[PDB]
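Read through the structure below, which is laid out as structure tokens, and then see the notes.
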Amino acid sequence: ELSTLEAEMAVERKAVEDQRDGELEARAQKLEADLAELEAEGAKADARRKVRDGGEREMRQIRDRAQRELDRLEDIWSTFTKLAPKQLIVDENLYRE
């Protein structure tokens, strides 16, 4: 069943990646839109820079969440492919998954 399971795995990875790109694109459009609003309503100096830093930080958060999940999946697949008797699984989540 190695081929089928590897395929389903790859599909799940792609699902996570597509979700990541969608969320990030959304946050980028929201960032540029909000900046356009701050420039539209009067203006400010450091406030636009600060809110830009906030948007960039949030995008970093989204990318890093999806990256942690991708590493989780990679770890599941590595653990199952090399799975052999006498091996110890110290993570409850990894064993349940």
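We label chains A, B, ... in the order they appear in the structure tokens, count residues from 1 in each chain, and number ligands from 1 in the order shown.
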
**Message:** Residues near residue 16 (chain A), anyone? I mean within 8 Å using only C-alpha atoms, not counting same-chain ones fewer than 6 positions away, as JSON, numbers by chain.
**Reply:** {"A": [66, 69, 70]}

**Request:** Would you list the contacts of region 35-38 of chain A as a ChimeraX atom specification, taking every protein, DNA or RNA residue within 8 Å and counting only C-alpha atoms, but skipping same-chain residues closer than 4 positions in sequence?
**Result:** /A:31,42-44,48,51-52

**Message:** Using only C-alpha atoms, can you tell me which of A:84, A:65, A:77, A:95 comes closest to residue 2 (chain A)?
**Reply:**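 Nearest to residue 2 (chain A): A:77.
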
**Message:** Using only C-alpha atoms, which protein or nucleic acid residues come within 12 Å of residue 9 (chain A)? Drop anything in the same chain fewer than 2 positions from it, and give the result as a list in words.
**Reply:** residues 2, 3, 4, 5, 6, 7, 11, 12, 13, 14, 15, 16, 70, 72, 73, 74, 75, 76, 77, 78, 80 and 81 of chain A

**Item:** Which of chain A DSSP labels alpha helix (DSSP H), written as JSON, numbers by chain
**Value:** {"A": [2, 3, 4, 5, 6, 7, 8, 9, 10, 11, 12, 13, 14, 15, 16, 17, 18, 19, 20, 21, 22, 23, 24, 25, 26, 27, 28, 29, 30, 31, 32, 33, 34, 35, 36, 37, 38, 39, 40, 46, 47, 48, 49, 50, 51, 52, 53, 54, 55, 56, 57, 58, 59, 60, 61, 62, 63, 64, 65, 66, 67, 68, 69, 70, 71, 72, 73, 74, 75, 76, 77, 78, 79, 80, 81, 92, 93, 94, 95, 96]}

**Asked** If you measure from CA of residue 32 (chain A) to CA of residue 17 (chain A), what distance in Å do you get, rounded to one decimal?
**Response**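 That distance, rounded to one decimal, is 22.6 Å.
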
**Prompt:** So how many Å separate CA of residue 55 (chain A) and CA of residue 30 (chain A), to one decimal?
**Reply:**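 Distance reported for this atom pair: 8.6 Å.
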
**Message:** Would you pick out the contacts of region 21-25 of chain A at 8 Å or less, using only C-alpha atoms, so that residues sharing its chain but fewer than 3 positions from it are not included, and give the list as a PyMOL selection string?
**Reply:** chain A and resi 17-18+28-29+59+62-63

Can I get the selected residues back with N, CA and C atoms, as a compact mmCIF listing (two decimals), in the first residue's frame?
```
# COMPACT_ATOMS: atom_id res chain seq x y z
N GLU A 17 -0.68 23.46 1.88
CA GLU A 17 0.03 24.52 1.17
C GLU A 17 -0.94 25.50 0.51
N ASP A 18 -1.95 24.97 -0.18
CA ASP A 18 -2.94 25.82 -0.82
C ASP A 18 -3.68 26.68 0.20
N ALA A 28 -2.45 39.78 2.86
CA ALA A 28 -1.73 40.80 2.10
C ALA A 28 -2.69 41.83 1.50
N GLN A 29 -3.79 41.36 0.91
CA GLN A 29 -4.78 42.30 0.38
C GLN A 29 -5.39 43.15 1.49
N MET A 59 1.56 37.79 8.81
CA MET A 59 1.87 36.90 7.69
C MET A 59 2.95 35.90 8.08
N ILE A 62 1.17 33.21 10.00
CA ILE A 62 0.43 32.26 9.16
C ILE A 62 1.40 31.28 8.50
N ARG A 63 2.45 31.82 7.87
CA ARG A 63 3.43 30.96 7.22
C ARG A 63 4.05 29.98 8.21
```

**Message:** Which residues are close to residue 94 (chain A), i.e. within 9 Å by only C-alpha atoms, leaving aside same-chain residues fewer than 2 positions away? Reply as JSON, numbers by chain.
**Reply:** {"A": [72, 75, 76, 79, 89, 90, 91, 92, 96, 97]}

**Shortest interatomic distance to residue 26 (chain A) - which of A:46, A:68, A:82, A:58, counting only C-alpha atoms** =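 Among the listed residues, the smallest separation from residue 26 (chain A) belongs to A:58.
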
**Fill in**
Between CA of residue 71 (chain A) and CA of residue 83 (chain A) lies a distance of 17.5 Å
